[PDB]
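Visitor:
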Amino acid sequence: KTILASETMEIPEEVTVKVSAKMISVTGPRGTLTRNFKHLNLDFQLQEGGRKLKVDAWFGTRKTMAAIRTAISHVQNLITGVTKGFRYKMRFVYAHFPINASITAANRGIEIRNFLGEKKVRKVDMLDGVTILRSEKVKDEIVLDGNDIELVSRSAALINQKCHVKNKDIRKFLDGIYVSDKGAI
Amino acid sequence: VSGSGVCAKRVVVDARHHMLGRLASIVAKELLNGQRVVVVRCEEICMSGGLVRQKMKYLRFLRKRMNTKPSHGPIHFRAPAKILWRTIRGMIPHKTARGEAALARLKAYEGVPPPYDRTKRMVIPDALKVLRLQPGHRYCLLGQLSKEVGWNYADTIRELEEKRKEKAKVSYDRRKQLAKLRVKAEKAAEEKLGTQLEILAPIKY
Amino acid sequence: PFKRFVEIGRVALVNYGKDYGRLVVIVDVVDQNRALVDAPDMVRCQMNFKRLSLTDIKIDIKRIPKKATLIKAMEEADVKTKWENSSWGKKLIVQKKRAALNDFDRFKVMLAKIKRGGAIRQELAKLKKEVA
Amino acid sequence: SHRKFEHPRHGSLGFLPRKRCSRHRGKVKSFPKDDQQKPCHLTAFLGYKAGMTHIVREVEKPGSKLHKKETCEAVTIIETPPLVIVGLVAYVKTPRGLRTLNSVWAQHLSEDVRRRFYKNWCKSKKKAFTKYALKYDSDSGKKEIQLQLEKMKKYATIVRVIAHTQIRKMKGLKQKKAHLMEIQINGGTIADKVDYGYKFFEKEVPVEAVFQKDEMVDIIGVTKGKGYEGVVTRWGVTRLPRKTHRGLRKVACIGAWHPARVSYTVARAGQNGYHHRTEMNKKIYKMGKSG
Amino acid sequence: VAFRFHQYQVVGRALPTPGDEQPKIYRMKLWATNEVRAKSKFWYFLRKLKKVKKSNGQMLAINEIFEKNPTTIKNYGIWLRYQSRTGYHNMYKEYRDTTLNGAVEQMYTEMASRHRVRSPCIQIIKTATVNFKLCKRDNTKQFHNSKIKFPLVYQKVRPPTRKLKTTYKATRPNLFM
RNA sequence: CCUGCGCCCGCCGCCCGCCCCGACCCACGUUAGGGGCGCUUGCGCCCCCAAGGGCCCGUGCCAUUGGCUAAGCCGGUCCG
RNA sequence: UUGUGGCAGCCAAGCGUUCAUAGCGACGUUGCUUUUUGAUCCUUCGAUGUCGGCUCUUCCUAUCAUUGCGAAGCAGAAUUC
RNA sequence: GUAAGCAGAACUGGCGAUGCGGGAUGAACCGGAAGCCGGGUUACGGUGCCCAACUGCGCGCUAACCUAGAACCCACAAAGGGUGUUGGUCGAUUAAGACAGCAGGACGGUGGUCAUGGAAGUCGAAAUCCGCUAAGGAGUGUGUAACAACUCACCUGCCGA
Ligand SMILES: [Mg+2]
Ligand SMILES: [Mg+2]
Ligand SMILES: [Mg+2]
Ligand SMILES: [Mg+2]
Ligand SMILES: [Mg+2]
Ligand SMILES: [Mg+2]
Ligand SMILES: [Mg+2]
Ligand SMILES: [Mg+2]
Ligand SMILES: [Mg+2]
Ligand SMILES: [Mg+2]
Ligand SMILES: [Mg+2]
Ligand SMILES: [Mg+2]
Ligand SMILES: [Mg+2]
Ligand SMILES: [Mg+2]
Ligand SMILES: [Mg+2]
Ligand SMILES: [Mg+2]
Ligand SMILES: [Mg+2]
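Residue numbers (full-length UniProt numbering), protein chains in the order written: chain A, 2 to 186; chain B, 2 to 206; chain C, 2 to 133; chain D, 2 to 292; chain E, 2 to 178.
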């Protein structure tokens, strides 16, 4: 019912944004990230020659005006993933049994052993942009890094929900792999 | 809905991004009115309400079967062309001689088989998704529903369409060249004839 | 970006009703659905946006002009003759004229295009054979 | 009116109708999914069940009580003389399914395989393929046969060979009319498959070139026929008490009052045996090659 | 054209009795779809407010009120009393229309839409032309903006007349806002 | 494979029966966008609304007696 | 029809060694169900074979065990919602 | 009578005894009562298809991952909930800096107190003033058996709508 709702974001000058129909492709020193926004029913327009991306909702409701800042928030993550990148961190938390994390191939997967003394072996591959590396400096860490904040976050979540403790009171058997520092490097 | 009133031998309709119920209702009255209809690209028919609602609706349909003899029971078709035909049959009196004759005039296909690929394919504005659905309301494709309820010819229809669409695009380009040289001919002839074409100037666009 | 807006001074075709084919000037918008439209031949009245079509022409006015000021600004931007000679506004005019051909006129046009049709084909044959 | 005590249903609803098979030769209702990097092999044969006997072998299976022990096992012998490939068939993917595109036959077909096409061989003229044979002796005819091969290579998505058995080499079978089937070629491209099949026309395939030792195979065929059988043997339902009027060997209640119909799930009397069956994972213990 | 509703002055008084040869005269401004329904609603309020029934009363004059400047846009406020499914309420509204008749027609429509309230359940207390700079509702205020500009996000695709209706068309409709 | 006195195919001699009455027309894709054309390959130009268009001797009693005939167009037939 | 039979809700005085709501839930109150019985007498008295078991099939969920989960006065084992 | 398509009364009408149009279907619900026909127009009810009649012109509300919902009688749904969404009513805070979020911050007569084996406030906890100030209850849990700081309402710093 609101005639016009719009928000603007600035675009750093070491990256270039190429919005087509609603395909916002972003390119910079680290790589290229693309995302589909055809589902939004908004109006995207670069102004000042690519240095601002101004997004528009005509006659939207509260639900539809909620999309403006999500798209704006998403495009930030596409910007910052292509300059600095993203890096999640997970600690190994265990009471008695050490968990033996081992890489699969060229930092593209992990293979976690002995979790709660189980003989079963846990297999999880990294998504396209994500590499995994055991921390050289901290007691029990694995460090995930990549361009796409979402692919990095799903990989972090994959490894966490593959170490769920079953059958036992989880207020005491705290064992698992959890996200420690979720910042952007 | 009364009927087109057209004298075509048949009308080929490209059902892509039409609404199943609205398209079926238009087509049904045409068949009753004695017209013959070909409907192609039924895998591309759209249905309002998302896939989840439409899957649930279809699996309630699978439950209906004659308990003592399921082969006699309702016959659940998976292919989109047969989904379209039964939806149309629902809108026709099909247990009369007149309705049997109406259903005979209908042919429905997945994709665009010969000879209908080199034929002009009409669209029905009363059932188009752009005009009947508000952008931001869930919908699915009738091809998508069939894939998830047991139609095992989705991929072959996809393989065939890519080869056809490529084969049609070079024809687009071939006519594109032929259109341009004909246009330059238009000028070159229309300067050869001067005042002799004066009667056409006020009725041209 | 879009290329046509509902706003002050925008001239819009009336594309449905008994009044089909007239240019009006949006002089104030009442709500999200209804406009107030004034043209120099008619009484300023409110109309729905569903019965209009925004054109490409604009004139440089205030909100709610005076009829004399409206009549002036229409001519200063030359609203009528621009609509009449552009392809969109000429399609309307010809489609009226084609309707008004009597039977003898339709015959002499029928003669003209047969002669023109021959010209094109023999013109088009010479290009088709000249180019290889 | 719930049943007082429960027990699982007698018989399987998955093998209905329990009618006589429409086929004497077993039908391959699915071939192994193709793996284009494999070399061109065949996927099936036609054998003849000769009989049974038993072996005694010694097991290696650490953790089993049979480990380092003997065991006695029944085995079945299937006589499998070489197949003879007489033809090639190509298939193409259509929106309705798979379709035969074309087919090329060998020049020379034995009397046995040609008997397959007649219902009274002896009083016929034996003309089958007598004119298709002449396509191999004129350059215009050879041109067609070669052109048909090109068409298979050009469009086929699946290639099958036509093969017949050498029924005459089993004198115990009082049969001269060979059995004929289509056997799919897996592996290689379609160009590889067509070359593999045609190259090898009129020739013999041993069982070695397809099956190996200790591999698992499915066996397809029609079971023994037992005529018209009542519910106790046909379906396995229990007998009724001795003192029943009008007979023991039946099903007491064939349905409730409603629905007012007999359901397809209730056990009835009818044909028993001579049914089509596919039976999986029959292991191969020994291949016997003459010589 | 016709407005569905019309504004009326209705004038009336009690019957002259053997005392009070000059009973007191009352007036209202009423909304109805014709004079007959206007007179009927007058005798509704005057029975329940001033305790004079139509039987013991007398009708003096009835006049229709028209808009002075139909060609301009006025803002409007309407103070209305209505009945819900579980009681009675007071509600205030803002509307934009060129005539106050048009303003009232929208009000009944939005009551039947947003609240399922029917016309026999609404009593209009007070009507006014609230000049802008004092309009309260947010919907009405966003239109108090010279340089108003917006696209047409919804646009009907339809022939000028049904004469040009077809069932089939060669190409898809071509739309852009 | 295709009936030894049985059938099949091809040409013209047509006569019925049948349908029809100009029984003319292939882009994909989306619609908070797209299309044609040039040159930075992106920018300019022009066009965007309905096949509401184009095409076609479209004009001879389903069509007068004969001859002639360019260029152009449509059919049958030959071959590729 | 739903008194009675069976299942389920809401409020929360209290229990739960302290803590209304882990698990319960008094005094009150709202429903559902139609395997009980009662109430009724609409159908059938020129007849619809009237208990139970045996046999066989199918259907429901208001889920006992089996699969996947959530909570706990869940340390584990067991148990409960 | 808990009730019942239950039993018994009062006024009127209907069915029974009556076809016809509508409510998909129905004895009594809505319209309307009738010779055999032509033409016109209506009532109830309708106008996407079935199915005669608009995919008509307008304005809002609804998005159902429960079979969304959709016909007087009529083929139910209740108490009770929702930070789904849309409108209103009564109050409030706001540039004198509001709400959120983050916190250095909650200090002094003051453990005069309240437990004579414990508590400006911190197992616990009767309760009323005052000192400072843009300011902070002689503190319901900030958790230290006990003077230590972040997490309440009460003011400050950060934020600027
Ligand atoms: Mg109709
Ligand atoms: Mg029983
Ligand atoms: Mg049981
Ligand atoms: Mg047995
Ligand atoms: Mg006996
Ligand atoms: Mg009860
Ligand atoms: Mg009870
Ligand atoms: Mg009785
Ligand atoms: Mg009885
Ligand atoms: Mg009886
Ligand atoms: Mg009897
Ligand atoms: Mg009887
Ligand atoms: Mg009986
Ligand atoms: Mg359940
Ligand atoms: Mg009687
Ligand atoms: Mg009549
Ligand atoms: Mg609400």
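Think of the CB as a built atom: it goes at the ideal place given N, C-alpha and C, for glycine as much as any other residue.
Compute the Euclidean distance between the alpha carbons of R115(E) and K137(E), then round it to the nearest angstrom.
Guide: In the fifth sequence, the residue the question calls residue 115(E) occupies position 114. In the fifth sequence, the residue the question calls residue 137(E) occupies position 136. Roughly 19 Å separates the two Cα atoms.
Visitor: Under 9 Å, CB to CB, which of the residues in the region 84 to 97 of chain B have a partner in chain C?
Guide: Per Cβ criterion, the list is empty.
Visitor: Tell me the DSSP bridge mates of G110(A)?
Guide: As a position in the first sequence, residue 110(A) is number 109, starting the count at 1. Looking at the DSSP assignment, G110(A) forms a beta bridge with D126(A).
Visitor: Can you tell me whether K134(E) is helix, strand or coil according to DSSP?
Guide: For the purposes of this step, residue 134(E) is taken as the residue at position 133 of the fifth sequence. The answer is coil: DSSP assigns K134(E) none of H, G, I, E or B.
Visitor: Does ligand 4 have a heavy atom nearer than 8 Å to the CB of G173(D)?
Guide: Looking up residue 173(D) in the fourth sequence gives position 172. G173(D): no, Cβ never under 8 Å from ligand 4.
Visitor: When you compare only the Cα positions, how much space is there between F174(A) and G82(A)?
Guide: Taking the first sequence and counting its residues from 1, the one referred to as residue 174(A) is at position 173. Taking the first sequence and counting its residues from 1, the one referred to as residue 82(A) is at position 81. Near 36 Å, if we compare the C-alpha coordinates of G82(A) and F174(A).
Visitor: Pick out whichever of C254(D), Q213(D), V160(D) has its Cα sitting closest to the Cα of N187(D).
Guide: The count along the fourth sequence starts at 1 and reaches residue 187(D) at position 186. Of the candidates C254(D), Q213(D), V160(D), the one whose C-alpha sits nearest the C-alpha of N187(D) is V160(D).
Visitor: Within 10 Å of its beta-carbon, does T81(D) have 16 or more other beta-carbons around it, so buried, or fewer, so exposed?
Guide: For the purposes of this step, residue 81(D) is taken as the residue at position 80 of the fourth sequence. Counting Cβ neighbours within 10 Å, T81(D) comes out buried, since at least 16 surround it.
Visitor: Is the shortest distance between the beta-carbon of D139(E) and the beta-carbons of chain C less than 9 Å?
Guide: As a first step, residue 139(E) must be located in the fifth sequence, where it is residue number 138. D139(E) does not count as touching chain C.
Visitor: Using only the alpha-carbon positions, how far apart do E230(D) and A268(D) sit?
Guide: Here residue 230(D) is taken as the residue at index 229 of the fourth sequence, counted from 1. Here residue 268(D) is taken as the residue at index 267 of the fourth sequence, counted from 1. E230(D) and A268(D): Cα-Cα distance of roughly 11 Å.
Visitor: Considering only the beta carbon of each residue, do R23(C) and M43(C) sit closer than 9 Å?
Guide: Position 22 of the third sequence, counted from the start, is the residue given in the question as residue 23(C). Position 42 of the third sequence, counted from the start, is the residue given in the question as residue 43(C). Yes. Within cutoff.
Visitor: Can you give the Cα-Cα distance for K4(C) and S87(C), rounded to whole angstroms?
Guide: Position 3 of the third sequence holds residue 4(C). Position 86 of the third sequence holds residue 87(C). Those two C-alpha atoms are separated by around 17 Å.
Visitor: Tell me which residues share the same chain as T35(A) and place their Cβ nearer than 7 Å to its Cβ, disregarding the 5 neighbours each side in the sequence.
Guide: On the first sequence, residue 35(A) is found 34 positions in, with the first residue counted as 1. Answer for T35(A): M24, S26, listed in chain order.
Visitor: Would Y119(D) and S111(D) qualify as a contact pair, given that the criterion is a beta-carbon distance under 9 Å?
Guide: As a first step, residue 119(D) is located in the fourth sequence; it is residue number 118 there, counting from the start. As a first step, residue 111(D) is located in the fourth sequence; it is residue number 110 there, counting from the start. Contact: no.
Visitor: State buried or exposed for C8(B), treating a residue as buried only when at least 16 other CB atoms are found within 10 Å of its CB.
Guide: In the second sequence, counting from the first residue as 1, residue 8(B) sits at position 7. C8(B) is exposed by the Cβ-count criterion.
Visitor: Three or more C-beta pairs closer than 8 Å, one from the region 107 to 123 of chain B and one from the region 39 to 54 of chain B: is that the case here?
Guide: yes
Visitor: On a Cα-Cα basis, can you pick out the residue from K19(C), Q47(C), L14(C) that is closest to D29(C)?
Guide: As a working note, residue 29(C) is residue 28 in the third sequence. Taking only the C-alpha atoms, the option nearest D29(C) is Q47(C).
Visitor: For the region 147 to 177 of chain E, list every residue whose C-beta sits within 7 Å of some C-beta in chain C, in sequence order.
Guide: Cβ contacts with chain C come from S147, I149, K150, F151, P152, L153, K157, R159, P161.
Visitor: Does the region 48 to 59 of chain D come into contact with the region 252 to 261 of chain D, if we say contact requires no fewer than three beta-carbon pairs (one atom in each stretch) closer than 8 Å?
Guide: no
Visitor: Quick one: is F98(A) buried, meaning 16 or more other Cβ sit within 10 Å of its Cβ, or exposed?
Guide: Here residue 98(A) is taken as the residue at index 97 of the first sequence, counted from 1. Counting Cβ neighbours within 10 Å, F98(A) comes out exposed, since fewer than 16 surround it.
Visitor: Relative to the C-alpha of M20(B), which candidate in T196(B), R54(B), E192(B), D127(B) has its C-alpha closest?
Guide: By one-based count along the second sequence, residue 20(B) stands at place 19. It is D127(B) whose Cα lies nearest to the Cα of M20(B).
Visitor: To be precise: take each residue of the region 176 to 187 of chain B, compare its Cβ to all Cβ atoms of chain C, and keep it if any distance is under 8 Å. Which residues remain?
Guide: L182, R183, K185, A186, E187
Visitor: Does the beta carbon of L143(B) come closer than 9 Å to any beta carbon on chain D?
Guide: Translated into positions along the second sequence, residue 143(B) becomes position 142. Not one chain D Cβ lies under 9 Å of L143(B).
Visitor: Alpha carbons only, please: which of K40(E), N64(E), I149(E) is nearest the one belonging to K54(E)?
Guide: As a position in the fifth sequence, residue 54(E) is number 53, starting the count at 1. Ranking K40(E), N64(E), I149(E) by Cα distance to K54(E) puts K40(E) first.
Visitor: Using the rule of at least 16 other Cβ atoms within 10 Å of the residue's Cβ for burial, across every protein chain shown, is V122(A) buried or exposed?
Guide: Sequence index remark: in the first sequence, residue 122(A) carries index 121 (1-based). Exposed, by the Cβ-count rule.
Visitor: Nearest-angstrom Cα distance between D140(D) and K50(D)?
Guide: The sequence position of residue 140(D) within the fourth sequence is 139, counting from 1. The sequence position of residue 50(D) within the fourth sequence is 49, counting from 1. Answer to the nearest angstrom: the Cα atoms are 45 Å apart.
Visitor: Between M57(B), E167(B), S5(B), which lies nearest to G35(B) when the distance is taken from Cα to Cα?
Guide: As a working note, residue 35(B) is residue 34 in the second sequence. Of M57(B), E167(B), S5(B), the residue nearest in Cα terms is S5(B).
Visitor: Going by the DSSP bridge assignment, what does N76(E) pair with across the sheet?
Guide: In the fifth sequence, residue 76(E) corresponds to position 75, counting from 1. Answer is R97(E).
Visitor: Does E85(C) get closer than 9 Å to chain B when you measure Cβ to Cβ?
Guide: Stepping through the third sequence from its first residue, residue 85(C) is reached at position 84. By this cut-off, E85(C) is not an interface position.
Visitor: Taking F46(E) as the reference, which of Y169(E), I126(E), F144(E), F4(E) has the closest Cα?
Guide: For the purposes of this step, residue 46(E) is taken as the residue at position 45 of the fifth sequence. Taking each of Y169(E), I126(E), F144(E), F4(E) in turn and checking the Cα distance to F46(E), the smallest one comes out for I126(E).
Visitor: Going by DSSP, which residues form a beta bridge with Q124(E)?
Guide: To locate residue 124(E), count along the fifth sequence from 1; it is residue 123. In DSSP, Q124(E) forms a bridge with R82(E).
Visitor: Residues of chain E with a CB under 9 Å from the CB of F3(C): which are they?
Guide: Walking along the third sequence from the start, residue 3(C) turns up at place 2. Here the neighbours are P152, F177, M178.
Visitor: Please say whether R11(C) and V31(C) have beta carbons closer to each other than 9 Å?
Guide: Within the third sequence, numbered from 1, the residue matching residue 31(C) stands at position 30. Within the third sequence, numbered from 1, the residue matching residue 11(C) stands at position 10. Result no, Cβ atoms of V31(C) and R11(C) do not sit closer than 9 Å.
Visitor: Just curious, the alpha helix (DSSP H) that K90(A) is in, first and last residue?
Guide: Here the question's residue 90(A) lines up with position 89 in the first sequence. Run containing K90(A): none in the alpha helix (DSSP H); it sits in the beta strand (DSSP E), 87 to 94.
Visitor: Sorry if obvious, but does the Cβ on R4(D) come closer than 8 Å to a heavy atom of ligand 3?
Guide: For the purposes of this step, residue 4(D) is taken as the residue at position 3 of the fourth sequence. Under cutoff, so the answer is yes.
Visitor: Taking DSSP's pairing of strands, which residues face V267(D) in a bridge?
Guide: The residue you call residue 267(D) lines up with position 266 of the fourth sequence. Per DSSP, none; premise fails for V267(D).
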